[PDB]
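Okay, structure first, notes after.
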Amino acid sequence: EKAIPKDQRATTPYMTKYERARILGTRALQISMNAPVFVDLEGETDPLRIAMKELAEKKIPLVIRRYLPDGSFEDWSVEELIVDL
Amino acid sequence: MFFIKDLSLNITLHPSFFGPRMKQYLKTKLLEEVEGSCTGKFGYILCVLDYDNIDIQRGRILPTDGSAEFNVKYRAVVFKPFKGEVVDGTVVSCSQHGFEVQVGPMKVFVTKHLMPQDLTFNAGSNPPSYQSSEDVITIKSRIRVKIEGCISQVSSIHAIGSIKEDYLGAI
Amino acid sequence: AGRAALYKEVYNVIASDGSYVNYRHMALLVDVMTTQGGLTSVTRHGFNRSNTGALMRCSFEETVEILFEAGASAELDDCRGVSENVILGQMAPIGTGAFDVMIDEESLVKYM
Amino acid sequence: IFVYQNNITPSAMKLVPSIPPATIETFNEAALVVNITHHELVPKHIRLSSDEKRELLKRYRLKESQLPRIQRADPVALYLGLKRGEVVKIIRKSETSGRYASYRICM
Amino acid sequence: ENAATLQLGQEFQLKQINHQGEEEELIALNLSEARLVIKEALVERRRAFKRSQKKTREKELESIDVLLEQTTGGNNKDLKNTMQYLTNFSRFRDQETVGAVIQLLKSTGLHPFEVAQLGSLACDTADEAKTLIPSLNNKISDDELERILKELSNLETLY
Amino acid sequence: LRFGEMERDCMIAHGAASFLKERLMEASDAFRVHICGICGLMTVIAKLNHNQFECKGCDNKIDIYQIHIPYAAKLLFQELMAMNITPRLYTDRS
Amino acid sequence: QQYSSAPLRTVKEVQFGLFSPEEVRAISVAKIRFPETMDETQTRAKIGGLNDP
Amino acid sequence: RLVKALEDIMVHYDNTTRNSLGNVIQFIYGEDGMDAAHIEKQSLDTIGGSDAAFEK
Amino acid sequence: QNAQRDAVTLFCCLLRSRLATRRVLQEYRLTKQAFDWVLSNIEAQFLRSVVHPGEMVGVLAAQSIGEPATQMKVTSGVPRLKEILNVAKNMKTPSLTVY
Amino acid sequence: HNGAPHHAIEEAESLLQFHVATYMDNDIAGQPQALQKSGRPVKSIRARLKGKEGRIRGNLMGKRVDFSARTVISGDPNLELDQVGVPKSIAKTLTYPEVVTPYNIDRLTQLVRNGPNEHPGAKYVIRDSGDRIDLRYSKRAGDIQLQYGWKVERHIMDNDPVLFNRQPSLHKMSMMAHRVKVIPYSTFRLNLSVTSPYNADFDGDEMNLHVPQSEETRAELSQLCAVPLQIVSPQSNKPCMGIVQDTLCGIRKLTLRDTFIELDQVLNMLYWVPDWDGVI
DNA sequence: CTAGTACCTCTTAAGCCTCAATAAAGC
DNA sequence: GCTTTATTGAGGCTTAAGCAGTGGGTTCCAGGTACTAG
Ligand SMILES: [Mg+2]
Ligand SMILES: [Zn+2]
């Protein structure tokens, strides 16, 4: 019951800097552990650069759970989030 | 005792196994855990149904580790004996203290002091058996006995029963 | 009115030497000092006397007395505070740690 | 509403709760000589109905104790006669924003 | 302590929770229904494996054994023993019979465990049934108990 | 070096929760402790070689969860236990 | 440090209730009755005492 | 002392500054909800100017 | 909606003061494309200026209030800040102003 | 058990209570403090949890760190704003556990072959099982073949984010991330401007450098707390870090209308700007 | 005789109990 | 009309608090006394 539907979300759709940093770190950690890469690499080996490129191309399949103080959580996909930075 | 209920299982997966087939792989790890499981809390897990309808919740990523923790909720049928119930089984072995009866995935033992007076052990037949004034018991026999006590093991369940009320024994 | 006077005094003392501090910080300070019914002084007898997490107040000057009080009252801590997570060595609900990151199994297939 | 000149003996104070259904408030002549609300520092206080309180809690998703607390003997509460579990909205003028709306619930 | 006097444990409550949080009534099943659901689960597993890889007491036992070996075979030897125990002394072989039995038991509205025992255990006299489950003594009328017992006996399959 | 309280709050302001967790749990003393799901006490007998888990305080067999915490945390918990204060570590919210 | 089969999950709440003497006895595997911290010859720890194995 | 008092206060996704207990210190972060760094000193023309200047 | 409108009231006043027809046409000579670009840039900057969720507002406020004190008739300076933070039932140099 | 006179029993009970109280709380107000056999008061659990030296504020709120260094700081105009000089010895001692991957397998193998003694190398190679093998103690370091999933403690290289801080962290901007630049000297070197947020004076001031040990930490430091991101100070909503004293004087002198520059100096100044477009 | 071995030895913030007055109820 | 009450408050005494980090040089194996083993 606490979970809110996909619509009727009061959180800001625009990506937060903390969320961007967390997603980049998680993607870099996964890539460093021999995880699949969804974007072709043009002579690039740094995990952080690959994560940034994937975020730019919105190829990151991670999720963000916006947690309200009460406890309810709202799910947001990386693709729909807008990267202002 | 043949009860269908929802069970939640937490499964850890390495981030390396992240391809499309991971789901199937995850399912395999589910098949290697629920089958053969025997816990005193939830009893013995019998089977898991609706394999194609299994729903997996979004995986949980550790704060620092790259492993993904998925909480999968599935409907499964489990078995758990209770004191005072009567169940039927097949004799598996014979001994001086009594004969063990395999029933389902569990074993049942009957105390000698709680046996009919007419019933008596006999070693004159190969293998040793029991003779009664109006019943015959051997290794290959269906015996219905009442369970009076239950013992829980790490990966096994044992039952202690007796045959004193009427209509019990060979049927 | 007391909160407004406290904010004005804080602004005056900060600007006495010419230093400039944004209004938001002073507003937050006065709000936290006035969030309760009265004015909660920033001391061991003020906010440290509230009903926050036991470990959070333990990290303040009063260390063992608060533990004894919690034991007597059997206080329950939800571990939502920074101090609780720091002591437990877990990612506190702060910024990056406030939320959690999951995996979409439906987008993964199409992204592959 | 009852207003005294010098002071109120404790006997009247303990007798006041003798009438639950009827609420009686005691005020000092000196205290009411000058209206507090006319002061610039005090913002505008508006009483909220039970339905308004429920709607506010539902929208913001707050409990009774999460809202800011205000003393029972607060001069503003006495002026408005706020009761226990009553939420009052405070509208204030600030330099950073044109106005700000907060809420306070009596403890 | 768990016994036959309806003093279930902290988890075996009369109500159960659902994946969506809804509360439902506990539902039990008999041996025939258990076998049917197990067979359906095995068929579903076989279909899943096939799609993933793409891109009279003498013959039924062999088919069940080979099906178990093909999928979820070899992980544990207890599954085969349980399957043999269920199959060797089963009562109903047709889905219609078990469906009718469960539909009839639904009308009774008794505790799921009691109806499961009645549909699984065999009784012939009122006194035997009463002593079998002393707790369920002043719950079911003698006439109703006799009627349900004779109906269950008649519904028994002839193997 | 010592990670001072001032640095701790500065990093908290920075919002680098992961950095603080790594610093206070990986770059510093690291311990793994077992707690029951009913009594929530670190006094759990866990033979990893035999994979046998059992707590004398509570009659439970398999209700044990492992948690990674600094050695200082368990030291403080034991000291509190000496003072008849029992921090009941639970993995779920009541 | 060593492989463990117990599930891994961070703590979410910490109750601070009192420690009952009965719980102390139940959890206290050993007993202390020898003030000496070591046995004779200072080779083995006192049995059922301080610094017991 | 200030750090200890203000340690638990954080702004959530609802733009309300709340402590560990969840009490709302401010329904809006600084009565504006904007980021402190982005704030800058700017002049308001409406406040200044005479009636004739405002008209023209 | 009311809270959102109240919060951005000052910024709306600023926009009306600056983005006035007289100013846009007399003081400025912006065109359709230029005006649209200005509106889009203003909107984007305002959206970026929103407070980032999860930021430790309390810790930032504590640091901002503490740094000036370290940098630094009527009592003032560090003693005044300490008195204000504390309950300070007794006043060293109490004062009152009446107009 | 040997007869209870009830007189000495009270004294024994009081002594036991005093001993228990001292054990749980050595310092009792208005009561004598138990004295240890040696010339020091007996330490109790309550004393062990009192403050700075207590476990709460001595081992939980603030605890020692393994991967970190502390040393003096010196000015360096020839370093970028986000770039901090690092001694070669400190870089060798400090290490990062980079996991073996196909992308940089050759680089990690070369670093391992170099060995701990050589700065561009490593000192440990963590295997899959988790056991750590030292390279200096092992004479067959060059014969070890790296495998996927392993981790190697490689020396910090260039463009490696690391936090730099000064012990008096009065404000938020006193701890910021910098890109490591290895230098052949035993003194940390940082940009001139970052002195203002750190309040650095170079008069023997000692600062601390912390090296991240995970990808998550590196990403968070690069994205959350980075010197370019810390230029704007929320404390006064203005840039706390700016030009420095001598640089300010030089730029003021340069901007003077009466200041003219010869062709040679103009060309050199144009070339100095790394991002100069190229047109004079 | 001689030498081991142990046993004794400066500036505030809250709590509480202890004092001096004051209006009402018993009688 | 007089006596005995619950209440109000006001200070003495008390128990608490007391920036962060780091480099170094000194000192403790404690004194006497009696009982007992080689
Ligand atoms: Mg200096
Ligand atoms: Zn336990």
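Protein sequence lines, in the order shown, are assigned to chains A, B, C, D, E, F, G, H, I and J. Per the authors' numbering: the first sequence = residues 71 to 155. Per the authors' numbering: the second sequence = residues 1 to 171. Per the authors' numbering: the third sequence = residues 1343 to 1454. Per the authors' numbering: the fourth sequence = residues 109 to 215. Per the authors' numbering: the fifth sequence = residues 22 to 76, 118 to 221. Per the authors' numbering: the sixth sequence = residues 1128 to 1221. Per the authors' numbering: the seventh sequence = residues 4 to 56. Per the authors' numbering: the eighth sequence = residues 840 to 895. Per the authors' numbering: the ninth sequence = residues 1008 to 1079, 1093 to 1119. Per the authors' numbering: the tenth sequence = residues 281 to 560. Note that CB positions come from ideal geometry on N, CA and C, so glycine has one too.
- Proximity of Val1451/C to chain B, defined by a Cβ-Cβ separation below 8 Å, is satisfied.
- Within chain F, the C-beta atoms nearer than 8 Å to that of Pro63/B come from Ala1144, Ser1145 and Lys1148, in chain order.
- In this structure, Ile1191/F lies near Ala9/G, with their beta-carbon atoms less than 8 Å apart.
- Here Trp430/J carries a coil assignment [DSSP, helix/strand/coil].
- Excluding residues up to 5 positions away in sequence, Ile126 and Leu130 lie with their Cβ nearer than 7 Å to the Cβ of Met145/E in the same chain.
- Within 7 Å of the C-beta of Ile116/D there is not a single heavy atom belonging to ligand 2.
- In the structure shown, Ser454/J falls within a helical segment according to DSSP collapsed to helix, strand and coil.
- Taking the Cβ atoms as the reference, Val87/B lies roughly 14 Å from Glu100/B, outside the contact range of under 8 Å.
- Within chain B, the residues whose beta carbon sits less than 7 Å from that of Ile1189/F are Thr39, listed in sequence order.
- Note that the C-beta distance between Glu46/E and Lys36/E is below 8 Å.
- Taking C-beta separations shorter than 7 Å and ignoring five residues to either side along the sequence, the partners of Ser369/J in its chain run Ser466, following chain order.
- Ligand 1 never approaches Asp440/J closely enough for any of its heavy atoms to be under 7 Å from the residue's Cβ.
- About 7 Å separates the beta carbons of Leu49/B and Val77/B, which is inside the 8 Å limit, making them a contact pair.
- Using a Cβ-Cβ distance cut-off of 8 Å, the segment 1195-1215 of chain F and the segment 1168-1175 of chain F are in contact, since at least three pairs of beta carbons, one from each stretch, lie closer than that value.
- For the segment 1431-1451 of chain C, the residues whose beta carbon sits under 8 Å from a beta carbon of chain A are, in order, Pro1435, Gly1437, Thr1438, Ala1440, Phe1441, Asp1442, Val1443, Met1444, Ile1445, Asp1446, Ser1449 and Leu1450.
- Taking C-beta separations shorter than 7 Å and ignoring five residues to either side along the sequence, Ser418/J has no partners in its chain.
- Exposed is the label assigned to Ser156/B, since fewer than 16 other Cβ atoms lie within 10 Å of its Cβ.
- In this structure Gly169/B is buried. Its beta-carbon is surrounded by 16 or more other beta-carbon atoms within 10 angstroms.
- Interface annotation, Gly872/H: not in contact with chain A, CB-CB separation never under 8 Å.
- Cβ atoms of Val1352/C and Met1368/C come within 8 Å of each other, at about 5 Å.
- Inter-residue distance for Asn1393/C and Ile1408/C is about 11 Å (C-alpha atoms, whole angstroms).
- By the neighbour-count definition (other C-beta atoms within 10 Å, threshold 16), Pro75/A is an exposed residue.
- Within 10 angstroms of the beta-carbon of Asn439/J lie fewer than 16 other beta-carbons, which makes it exposed.
- Comparing C-alpha distances from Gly51/G to each of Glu16/G, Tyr6/G and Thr40/G shows the shortest one belongs to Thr40/G.
- Contact between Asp356/J and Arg446/J does not hold, since their C-beta atoms are separated by about 17 Å, which reaches or exceeds 8 Å.
- Residue pairing by DSSP places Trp146/A opposite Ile134/A in a beta bridge.
- When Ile139/B, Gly161/B, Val136/B and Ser132/B are compared, the shortest CA-CA separation from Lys146/B is found for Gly161/B.
- Relative to the Cα of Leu1430/C, the nearest Cα in the group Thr13/G, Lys34/G and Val32/G belongs to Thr13/G.
- Under the Cβ distance rule, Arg58/B counts among the residues neighbouring chain A, one pair being separated by less than 8 Å.
- When only Cα atoms are considered, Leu167/E and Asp205/E end up about 15 Å apart.
- According to the DSSP secondary-structure assignment, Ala123/B is paired through a beta bridge with no residue.
- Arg328/J and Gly334/J do touch by the CB rule: their CB atoms are close to 6 Å apart, below 8 Å.
- Taking the beta carbon of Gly20/G as reference, the chain F residues within 8 Å of it are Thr1213 and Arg1215, listed in sequence order.
- Taking a beta-carbon distance threshold of 8 Å, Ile1356/C does not count as an interface residue toward chain J.
- Neighbours of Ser1071/I across chain J, judged by C-beta separation under 9 Å: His451, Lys452, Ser513, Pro514, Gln515 and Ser516.
- At a cut-off of 8 Å between C-beta atoms, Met1454/C counts as an interface residue with respect to chain A.
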